[PDB]
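One chain follows as structure tokens, the form deposited in one PDB entry.
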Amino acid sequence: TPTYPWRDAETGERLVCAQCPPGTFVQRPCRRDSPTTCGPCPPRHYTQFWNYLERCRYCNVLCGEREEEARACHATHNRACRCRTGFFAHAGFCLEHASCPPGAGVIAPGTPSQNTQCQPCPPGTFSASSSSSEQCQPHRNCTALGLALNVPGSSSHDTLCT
């Protein structure tokens, strides 16, 4: 238990008081006979560390419409926010996850902290649409289906077999 120094409120005598733990604050300082009185934080307030504050800190964090609570207000910590589904964090904003155009495919889905990752579809694969989920898929393989080649494919269109 850490302590703090306190010169008695009006006796004058110079003391060594117990601090209050996280989730509490100094409701009443320590005295001659009595130890520090620590009260629990009121709602919407907190203390994350040992302290001798006479008022808990206020849960002052606000989430915007593109955010949700990653953590709620609690006696031991402030609210915190993260980007909602479909958005990623960039310079304090929640931006929409990008989609990979035709000719390119998703190599990693967007998350709260990262945009869609994309790549040009390598040889033998394709993606025909703008999409934030769809990957590069291998071309239809004519020989393995025992068909003949009708139209060669490309990075943005499937190979056609008769």
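Under this definition, the rigid core comprises the largest set of C-alpha atoms superposing within 1.5 Å between the forms. The numbering used is simple: start at 1 and walk along the sequence shown.
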For this session: Decide, for the other PDB entries of this protein that were compared, whether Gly153 is missing from at least a third of their models.
Result: no
Exercise. Given the B-factors recorded for C-alpha atoms, which segment has the greater mean, 111-119 or 31-39?
Worked result: 31-39
Exercise. Would 2-10 or 153-161 have the larger average of its C-alpha temperature factors, as given in the entry?
Worked result: 2-10
Exercise. For the listed residues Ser129, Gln48, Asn60, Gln135, which one has the largest C-alpha B-factor as given in the deposited model?
Worked result: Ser129
Exercise. In terms of the CA temperature factor given in the entry, to which third of its chain does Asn141 belong: lowest, middle or highest?
Worked result: middle
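What comes next is about the form deposited in another entry, which is not displayed.
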Problem set entry | Core-fitted Cα difference of 2 Å or more between the shown form and the other one, single residue among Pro120, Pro112, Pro35, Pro109 | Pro35
For this session: Examine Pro138 after superposing the rigid core and state whether its CA is displaced by 2 Å or more between the shown form and the other one.
Result: no
Exercise. Core-aligned, is the CA shift for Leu53 between the shown form and the other one 2 angstroms or more?
Worked result: yes
